[PDB]
Amino acid sequence: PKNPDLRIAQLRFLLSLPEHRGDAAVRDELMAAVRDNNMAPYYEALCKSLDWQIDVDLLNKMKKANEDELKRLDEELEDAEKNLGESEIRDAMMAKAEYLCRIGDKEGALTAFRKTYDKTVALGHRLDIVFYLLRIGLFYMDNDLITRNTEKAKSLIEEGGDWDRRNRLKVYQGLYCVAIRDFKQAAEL
Amino acid sequence: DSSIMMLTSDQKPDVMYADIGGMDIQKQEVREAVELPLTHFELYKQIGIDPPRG
Amino acid sequence: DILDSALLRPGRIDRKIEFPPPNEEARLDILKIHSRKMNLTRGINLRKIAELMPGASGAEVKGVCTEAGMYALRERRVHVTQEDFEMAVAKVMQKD
């Protein structure tokens, strides 16, 4: 649930800086646009890249059908809270709204991050949230929110111990140290 | 301080436990009740259970 | 000695109240009482966690998530799953 949109952000870098690519970068952008049903991302891409021709009803009916998939979840939250099962309710709306926020910008993302912050009792789901801030911070190259989620996660991870996901964070902080200029911490981590 | 004070390993003696394996289930307590209690005080905040001294 | 209490009690002088055996009523909430501090998600089933512990004692509720946590401790996880709780459902009840 990252690499498809991670390639979209890589395609943003392929469109932005070089001005000599007018074909492959927009082609595979549409190839990745027809999937995952992105809305707000293709708006920023519409201003930077070509304005078409026509999108309109195509992605408006795709956002309408995805709204039905959005309204089936958002109208299931009051039907799910009719029953009681602690997590057997909110874990569905925290992850799928972040998939509904994957449709665009930061809104459903940040509002679900602080939403589920008071529920999940395990650090694995909290670090999955951290993964969502790290991917959405990688697409928009925003380093502000990638420090806070990791600073709060490591205290729970290092309380503590891990094998795989600790090496994952080492790659994250290594990608942030190499995003700005840090020569030693990139190779050391 | 005053008495003992500590060591008895680097200054000896020490005896290898790996010879006797019949106590494995008796070590099952000491397994979970020694290493992690010393090396992690943080995990006991995460689990919600306080480490016993018993 | 309760019958020997009657040797001390031809009515003189005390009040007689019985201490109940545990039942599913407390088993739900008194575990939820112990479940305040522990890290657990809200996807745990109260039915099976209660009803899997018939008889036993009130000290049973103490050992529910402790030994379950002990393996989650050993596992290092932040918040646990009911399977590990179901593991200690057997564990503390393996002895009897």
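Cut-off values and rules
- Residues numbered from 1 in each chain as written, not as in the entry; some residues may be left out.
- Chains lettered and ligands numbered in written order.
- Part of a larger assembly, values for the part shown.
- Heavy atoms only, no water.
- Helix = DSSP H or I, 4+ residues; strand = E, 2+ residues; numbered from the N terminus.
- Rg over C-alpha atoms; globule rule 2.2 N^0.38 Å.
- Buried < 20%, exposed > 50% of the residue type's maximum accessible area, 1.4 Å probe, protein only.
- Contact = heavy atoms within 4.5 Å.
- Areas by Shrake-Rupley, 256 points an atom, 1.4 Å probe, with all protein chains shown as cover.
- Buried area = accessible area lost by both parts, 1.4 Å probe.
- Salt bridge = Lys/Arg side-chain N within 4 Å of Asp/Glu carboxyl O.
- Polar contact = N/O pair within 3.5 Å; in protein donor to acceptor, adjacent residues only side chain to side chain.
- Nonpolar A, V, L, I, M, F, W, Y, C, P; charged D, E, K, R; others polar.
- Expected span 1.5 Å × (residues − 1).
- Patch = residues over 30% accessible without salt bridge, like charges linked within 9 Å, V, L, I, M, F, W, Y side chains within 5 Å.
- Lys, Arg positive; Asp, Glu negative; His and termini not counted.
- Charge placed at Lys NZ, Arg CZ, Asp CG, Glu CD.
- Axes fitted to C-alpha atoms, helices over the stretch in contact; angles between N-to-C directions.
- Parallel < 35°, antiparallel > 145°, perpendicular 65-115°, else oblique.
- Left-handed = near helix turned anticlockwise from the far one by under 90°.

A tally of regular secondary structure across chain C gives five helices and zero strands. Listed by position from the N terminus, the elements making up chain C come as α-α-α-α-α. Whereas a compact globule of 96 residues would reach a radius of gyration of roughly 12 Å, chain C reaches 18 Å, over 25% beyond that. Its C-alpha atoms put chain C at 60 × 25 × 20 Å along the principal axes. By the burial criterion, 29% of the 96 residues in chain C qualify as buried. Residue pairs at least 24 apart in sequence account for 69% of intrachain contacts in chain C once pairs closer than 6 positions are excluded. Taken as a whole, chain C presents about 6,600 Å² of accessible surface, with 55% of it coming from carbon and sulfur.

A separate point is the interface of chain B and chain C. At the junction of the two partners, chain B supplies nine residues and chain C supplies 12 residues. Summed over both sides, the interface of chain B with chain C buries roughly 1,100 Å², with 61% coming from carbon and sulfur. Interface area lost by chain B to chain C is led by B:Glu32, B:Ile47 and B:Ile49, which between them contribute 46%. On the surface where chain B and chain C come into contact, there are zero salt bridges. Put simply, chain B and chain C have two residue pairs in polar contact between them. Only helix 1 (24-39) and helix 2 (43-47) of chain B provide two or more residues apiece to the side of chain B that touches chain C. Broken down by class, the residue content of the side of chain B that touches chain C amounts to five nonpolar, three polar and one charged.

Turning next to helix 8 (residues 123-139) of chain A. For helix 8 of chain A, with 17 residues, the first-to-last C-alpha span of 24 Å sits near the 24 Å given by 1.5 Å per residue. The positive-phi residue at the C-terminal boundary of helix 8 of chain A is A:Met141, with phi of around 45 degrees.

Turning to the interface of chain C and chain A, a few remarks are in order. Each partner contributes to the interface: chain C provides 12 residues, whereas chain A provides 17 residues. Here chain C meets chain A over a buried area of about 1,100 Å², counting both sides, of which 50% is carbon and sulfur. Counting across the interface, chain C meets chain A through zero salt bridges. At the junction of chain C and chain A, the tally comes to 11 residue pairs in polar contact.

Another aspect to go through is a negative patch on the surface. A cluster of like negative charges, contributed by A:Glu67, A:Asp74, A:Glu75, A:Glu76, A:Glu78, A:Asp79 and A:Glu81, occupies part of the molecular surface. Of all elements in the fold, only helix 4 (57-74) and helix 5 (77-80) of chain A reach the threshold of two or more residues within the negative patch.

A contiguous nonpolar patch, built from A:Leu30, A:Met31, A:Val34 and A:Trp52 and spanning about 390 Å² of accessible area, is present on the exposed surface. Relative to the helices and strands, A:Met31 resides in helix 2 (residues 24-33).

Residues and elements named next belong to chain A. Relative to each other, helix 8 and helix 10 (residues 164-179) sit at 20 degrees, their axes nearing to 12 Å. Judged on the interaxial angle alone, helix 10 and helix 8 are roughly parallel. Crossing angle aside, the handedness with which helix 8 passes helix 10 is left-handed. For the pair helix 8 and helix 10, contact is made by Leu-123, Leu-127, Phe-131 and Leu-134 and by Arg-165, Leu-169 and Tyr-172, respectively. Looking at the contact of helix 8 with helix 10 residue by residue, the classes come out as six nonpolar, no polar and one charged.

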